[PDB]
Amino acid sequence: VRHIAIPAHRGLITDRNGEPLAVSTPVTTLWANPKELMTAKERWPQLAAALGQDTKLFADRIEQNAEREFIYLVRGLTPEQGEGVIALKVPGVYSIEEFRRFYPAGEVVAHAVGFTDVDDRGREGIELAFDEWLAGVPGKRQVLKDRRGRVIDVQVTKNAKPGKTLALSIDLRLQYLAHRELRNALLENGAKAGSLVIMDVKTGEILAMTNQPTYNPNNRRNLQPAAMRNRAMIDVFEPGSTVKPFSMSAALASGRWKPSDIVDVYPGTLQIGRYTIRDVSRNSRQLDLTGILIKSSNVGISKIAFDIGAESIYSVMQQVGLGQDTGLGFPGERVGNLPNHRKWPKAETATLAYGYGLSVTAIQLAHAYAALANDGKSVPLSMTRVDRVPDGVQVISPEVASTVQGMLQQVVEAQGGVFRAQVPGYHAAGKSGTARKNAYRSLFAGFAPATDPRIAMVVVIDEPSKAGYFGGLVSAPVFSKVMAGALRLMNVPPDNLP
């Protein structure tokens, strides 16, 4: 009297609308009792052939496992193929009906979903993070065996309970769009890597999370580690000039600045001891605060930071979640960091203000822009479909967030701005960036529609290699196309029709 396991059916993963993303499909595995095989040696060659194995090597393996009562022949054949071997009636050959995961969207959502074991245990991404929920509990079968031991099947001791279903926050339609457009952007620019995150400003849901390179989890032969990283969550980078709107939020909240205030940025450089702060465009003197963002003046943002102090900038960044724990619990997710100082020297103050010295994830950057677009209120992040929205936390004053939103709409819409971020039919807001690593990261971060925001988006492209490499040239056009499609796919009313 012994017990054999009764495999449980692992729960289905779907996207937010119910589209299957991970399904456990019936699969047959074959094992043998060598002691029973040792009584039917003349059958071995035909069985070896039916397993695509060499007869002599196969025979060797059963001889050297002769004294054992159990060994695997092969795992995870199709039910019809496993019937082929079962049909040739070899003594001591048995079958086990297991389940095997299939991923219908393949590489399009591989980084979010992850994958399972040969045992159908989650070992990456969502499959790992929600493993206890999805797994269910295997059963126990009471079985009688003779002293060979040939099994000669009594009753179910304990039933199998299937795993529970799970609906992600991801919208597969948005995911496909983002994937295709990020991929196109990568190839066109000779880029090495990239991330794109799309977030629902009002509910905290991650509507799309896509990276390049990626991999097809359905093929065990193409699990190459470098292409398996969910870069949006597990890789960090200096956000660069994409953090300037949060510097600006500190300035406006300080009570010392308004959008119409002027800063003098001539001659487009500022010498701070050994360190020189430099702008790309150096034919400006007086700029207002909206102008500082539109032209992305480093000198301008540094002078404001000197006036208000680094501490005020650090707290806005901390509050919005940059370099902080997101609390999602995605496997291998990084926290990043905001630097700290007892006393902040000028050079450190300036570099913070325009996005160096700190390290963030793409998901953190998108979460920060989402809170800004949601009138300064940060809704907790979710990877699962949200039906009842949790209470959000006020992180920037509504009034300040509104002003900064307007300024950002101007960076997209005014002359001298990131016109390639413009979304046909809609008002859009955002900020470009280009950070060093002569290697660069091209960036665009933003949200839309400007009159009542719905979606925040970050596009991060690593090391473009074709002439133009600024965030406004490389990443902005991706924001434009993906945002255009996402908006209409979500049936959001156009707010900039003529």
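Note that residue numbering begins at 1 and tracks the sequence as displayed. By rigid core we mean the largest C-alpha set that fits within 1.5 Å across both forms.
*Asks:* Overlaying the structures in 9 other deposited structures of this protein on the rigid core, point out which of 342 to 350 and 408 to 416 has the bigger RMS C-alpha shift.
*Replies:* Of the two stretches, the larger average C-alpha offset in 9 other deposited structures of this protein falls on 342 to 350.
*Asks:* Once the rigid core is matched, which of the two stretches, 289 to 297 or 75 to 83, lies farther off on average in 9 other deposited structures of this protein by C-alpha?
*Replies:* Between 289 to 297 and 75 to 83, greater C-alpha deviation in 9 other deposited structures of this protein belongs to 75 to 83.
*Asks:* For the stretch from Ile152 to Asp153, please bin the deposited residues that the model skips: none, 1 to 3, 4 to 9, or 10 or more.
*Replies:* 1 to 3 residues are missing.
*Asks:* Deposited residues absent from the coordinates between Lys437 and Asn438, none, 1 to 3, 4 to 9, or 10 or more?
*Replies:* Unresolved stretch here: 10 or more residues.
*Asks:* Look up the CA B-factors in the entry and say which stretch, 211 to 219 or 250 to 258, has the higher mean.
*Replies:* Going by the record's values, the stretch with the higher mean is 211 to 219.
*Asks:* Determine, for stretches 475 to 483 and 21 to 29, which one has the higher mean CA B-factor as deposited.
*Replies:* Per the PDB entry, the higher value belongs to 21 to 29.
*Asks:* I'd like to know which of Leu73, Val236, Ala110, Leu168 has the highest C-alpha temperature factor in the PDB entry.
*Replies:* Comparing C-alpha B-factors across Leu73, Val236, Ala110, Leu168, the top value belongs to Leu73.
*Asks:* Between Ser397, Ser378, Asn340, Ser312, which carries the biggest CA temperature factor in the record?
*Replies:* Comparing C-alpha B-factors across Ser397, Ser378, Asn340, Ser312, the maximum falls on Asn340.
*Asks:* Going by the entry, which third of its chain does the Cα temperature factor of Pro245 land in?
*Replies:* Lowest third.
*Asks:* Please place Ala445 in the lowest, middle or highest third of its chain according to the CA B-factor in the PDB entry.
*Replies:* Lowest third - that is where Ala445 ends up once the chain's C-alpha B-factors are sorted.
*Asks:* Grab the CA temperature factor for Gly291 from the record and place it in the lowest, middle or highest third of its chain.
*Replies:* As the PDB entry reports it, the C-alpha B-factor of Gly291 lands in the lowest third of its chain.
*Asks:* Of the three thirds of its chain by CA temperature factor, lowest, middle or highest, which one includes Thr55?
*Replies:* As the PDB entry reports it, the C-alpha B-factor of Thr55 lands in the highest third of its chain.
*Asks:* Test of reading the entry: by CA B factor among the chain's modelled residues, which third contains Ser432?
*Replies:* Lowest third of the chain for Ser432's C-alpha B-factor.
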